[PDB]
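The structure appears below as structure tokens.
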Ligand SMILES: Nc1ccn([C@@H]2O[C@H](COP(=O)(O)OP(=O)(O)OP(=O)(O)O)[C@@H](O)[C@H]2O)c(=O)n1
Ligand SMILES: Nc1ccn([C@@H]2O[C@H](COP(=O)(O)OP(=O)(O)O)[C@@H](O)[C@H]2O)c(=O)n1
Ligand SMILES: [Mg+2]
Ligand SMILES: [Mg+2]
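Residue numbers (our numbering), protein chains in the order written: chain A, 33 to 181; chain B, 33 to 181; chain C, 33 to 181.
In structure tokens:
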């Protein structure tokens, strides 16, 4: 039984030119790319993405940091919502475990490279916000017999 | 004092073509390759390898998954039995620490890439099962003065 | 607010020819190279570097192991003194977390590849011991807007 999570490379990931390295970390576990699109995030869409934080003092600067090119992605795998969170590491890179993306690449929470859904409910909401259903692709990985038990 | 451990790349490591990457992780610590052999594991040898699991319900499916090409290896180093276990990570890749082999490459326990001896006694037994003494090679690493205190 | 830490690649890092790999790990987080110098450490400077172990029985052998080529470095970043220590891992490689330099490269404390300052006071002292002020270079990373919040 597999699930799907929303992962988004933030403008710092694009500008630091580590997009390929990020994708490779998820491919390495046999996670399937179900969707992928480069766009430029805008305030209206970011207000919806960060709807839980409406009105909080840090939101305007957060939206400013996130207004830029992003790579929208959907990855599929066993327990991938929780596992992708573990792979990204703590929101604050200084607290993230060695071997995680944020510990290996970043310094501060406001520039922490990547977003991933924090729950099944958020994954559904975020995939619906950033992708059209046309953009989610169904296919099977040829190495499935050696990835899944 | 160094010791020797038995490490075996399972059929998923062969088929996903990550043999070299696995070997590089152990070489990176200055662990010495003392033996190495590609073979195809068969039910009779796997029954002996997994003798501790005799009679258990999951053993038939385990033998099925393991029937395939494997790379038998012996690595030598300080505390290498316990250290190789640490580097492999938890049996369940989803529970394994970031930076370990199973966390970095895998999703499920039944396809977790690699076996390693879990004790001095099992290392002795496993090395003897898969290798004849004439297959174990003794030489000294040229960088020993910079690896060992 | 950034700080500076003293990091030194020990003779084993030079001789095992992993200098570039070590530097890349710190560059990967957006830490700035503020100083760098290859030298051959002398007992005189090492006795001051290790002044805290004066009178201990292991000090003569520690100085012996360190009398050799070293790469002196200063890196700058947010919380970089503590973060660089986390990236290095525990003094004993066997106790270090996977994904740290010592766990990924080393076996024993006496050959643990790299030194890093352990506190603000020790960083200030160590930078002054190994570098003249004219050797510390001030410049801004072009990617600063995408590294710092
Ligand atoms: N409930 C179980 C028990 C075992 N296994 C499989 O059987 C192997 C051996 O189980 P065990 O010896 O308990 O785990 P490890 O020591 O991690 O395995 P290995 O000896 O292969 O390193 C596991 O690695 C896993 O592939 C499984 O899929 N489900
Ligand atoms: N018990 C010890 C303590 C230190 N050492 C060595 O001496 C160095 C300095 O010791 P330390 O306690 O200040 O540890 P670090 O801060 O260097 O990690 C270590 O990095 C090791 O090379 C050792 O080999 N055994
Ligand atoms: Mg076992
Ligand atoms: Mg110290």
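Think of the CB as a built atom: it goes at the ideal place given N, C-alpha and C, for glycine as much as any other residue.
Measuring from the CB of residue 44 of chain B, is there a heavy atom of ligand 3 at a distance below 7 angstroms? Your numbering for residue 44 of chain B matches position 12 in the second chain. Residue 44 of chain B: no, Cβ never under 7 angstroms from ligand 3.
In the region 129-142 of chain C, which residues sit with their C-beta less than 8 angstroms from some C-beta in chain A, listed in chain order? 129, 130, 131, 132
Own chain, CB closer than 7 angstroms to residue 93 of chain C, minus 5 neighbours either side, in chain order: Sequence index remark: in the third chain, residue 93 of chain C carries index 61 (1-based). Hits under 7 angstroms: none found.
Test item: CB-CB of residue 146 of chain B and residue 39 of chain B under 8 angstroms: Taking the first residue of the second chain as 1, we reach residue 146 of chain B at position 114. Taking the first residue of the second chain as 1, we reach residue 39 of chain B at position 7. In contact: residue 146 of chain B and residue 39 of chain B (Cβ atoms closer than 8 angstroms).
Residues bridged to residue 178 of chain B [DSSP beta-bridge criterion]: By one-based count along the second chain, residue 178 of chain B stands at place 146. Residue 178 of chain B pairs with nothing; no bridge assigned.
Where residue 33 of chain C falls: helix, strand or coil (DSSP): In the third chain, residue 33 of chain C corresponds to position 1, counting from 1. Residue 33 of chain C falls in the coil class under three-state DSSP.
Excluding the 5 residues flanking residue 42 of chain C on each side, which residues of the same chain have their C-beta closer than 7 angstroms to its C-beta? Here residue 42 of chain C corresponds to residue number 10 of the third chain, with the count starting at 1. 98, 102, 145, 146, 147.
Any contact between the region 106-118 of chain B and the region 50-66 of chain B? By contact I mean 3 or more CB pairs, one from each, below 8 angstroms. yes
Report the neighbours of residue 43 of chain A on chain C: residues whose CB is nearer than 8 angstroms to its CB, in chain order. Counted from its first residue, the first chain places residue 43 of chain A at position 11. Chain C residues near residue 43 of chain A: 178.
Looking at chain B, is there any beta carbon in it that lies within less than 8 angstroms of the beta carbon of residue 50 of chain A? Position 18 of the first chain, counted from the start, is the residue given in the question as residue 50 of chain A. With 8 angstroms as the cut-off, residue 50 of chain A does not count as an interface residue toward chain B.
Given 8 angstroms, three or more beta-carbon pairs between the region 130-140 of chain B and the region 124-138 of chain A: yes
Could you tell me whether any Cβ in chain A is nearer than 8 angstroms to the Cβ of residue 115 of chain B? Position 83 of the second chain holds residue 115 of chain B. Chain A contact via Cβ: absent.
With 16 other Cβ atoms within 10 Å as the buried cut-off, status of residue 36 of chain C: In the third chain, the residue the question calls residue 36 of chain C occupies position 4. It is buried - the Cβ of residue 36 of chain C has at least 16 other Cβ atoms within 10 Å.
Identify whether residue 70 of chain B lies in helix, strand or coil by the three-state DSSP scheme. Within the second chain, residue 70 of chain B is the residue found at index 38, counting from 1. Residue 70 of chain B falls in the strand class under three-state DSSP.
Cβ neighbour criterion (16 or more within 10 Å) applied to residue 87 of chain A: As a first step, residue 87 of chain A is located in the first chain; it is residue number 55 there, counting from the start. Exposed, by the Cβ-count rule.
Cross-chain neighbours of residue 60 of chain C in chain A, by beta carbon under 7 angstroms: If you number the third chain from 1, residue 60 of chain C lands on position 28. Those are 136, 137, listed as they occur along chain A.
Buried versus exposed call for residue 89 of chain C [16 or more other C-beta atoms within 10 Å across all chains shown]: Your numbering for residue 89 of chain C matches position 57 in the third chain. Exposed.
Output, in sequence order along the chain, the residues in the region 96-124 of chain C whose CB is closer than 8 angstroms to any CB in chain B. 97
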